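Chains A and B are the protein sequences, given in the same order. Sequential numbering of the first sequence, starting at 281, is according to this note's numbering. Sequential numbering of the second sequence, starting at 281, is according to this note's numbering. All residues carry an ideal CB built from backbone N, CA and C; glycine is no exception.
2 protein chains.
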Amino acid sequence: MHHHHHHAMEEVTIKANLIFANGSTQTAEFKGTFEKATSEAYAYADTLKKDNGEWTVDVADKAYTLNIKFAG
Amino acid sequence: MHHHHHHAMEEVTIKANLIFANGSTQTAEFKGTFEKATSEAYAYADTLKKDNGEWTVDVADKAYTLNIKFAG
Ligand SMILES: [Zn+2]
Ligand SMILES: [Zn+2]
Ligand SMILES: [Zn+2]
Ligand SMILES: [Zn+2]
Ligand SMILES: [Zn+2]
Ligand SMILES: [Zn+2]
């Protein structure tokens, strides 16, 4: 499944690729928590439904931070 | 839970922050599939166990690509 595991004070960058039925595309960037950032991307997509129809989305990861702590 | 959902031809960037018992740190970057990139990060961490002890890790997301397709 596609699951975002929230962390406090997270800062995530969302690159949205909008692909229209005729093959044309548009890209936009959103930043903030994963929840807020994706919400804005979806809200934007919704403003385009009137002229471009229903949309579906696939979320794919691109970057992570690994915090590795040694005990000594 | 922390779950990486694999996608074909994915290219993920891993930023590893190694935190030692005495407070000092070291950072490194790894790239490739999430699986390969994290594997290299862990392998690197293992080479430091002899002198720095056991390590634990927390994986946190940083960036995503959203592919939004309109049906028309
Ligand atoms: Zn999955
Ligand atoms: Zn979140
Ligand atoms: Zn997917
Ligand atoms: Zn979770
Ligand atoms: Zn993968
Ligand atoms: Zn975590």
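May I have a chain-ordered list of the alpha helix (DSSP H) segments no shorter than 4 residues that lie completely inside the segment 295-337 of chain A?
314-326, 329-332
Specify whether the segment 305-321 of chain A and the segment 293-301 of chain B touch according to this definition: at least 3 beta carbon pairs, one from each stretch, less than 8 Å apart.
no
Can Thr313(A) be considered in contact with ligand 2, in the sense that its beta carbon sits closer than 6 Å to one or more heavy atoms?
yes
Contact between the segment 286-295 of chain B and the segment 303-314 of chain B: three or more CB pairs below 8 Å?
yes
Which residues end up in the neighbourhood of ligand 4 when you take C-beta atoms closer than 5 Å to any of its heavy atoms?
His285(A), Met281(B)
Could you work out which residues of chain B lie near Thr318(A), taking near to mean beta carbons separated by less than 9 Å?
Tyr344, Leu346
Which residues of chain B have a Cβ atom closer than 9 Å to the Cβ of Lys295(A), listed in chain order?
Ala343, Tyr344, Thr345, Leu346
For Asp326(A) and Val337(B), what's the separation of their Cα atoms in angstroms?
38 Å
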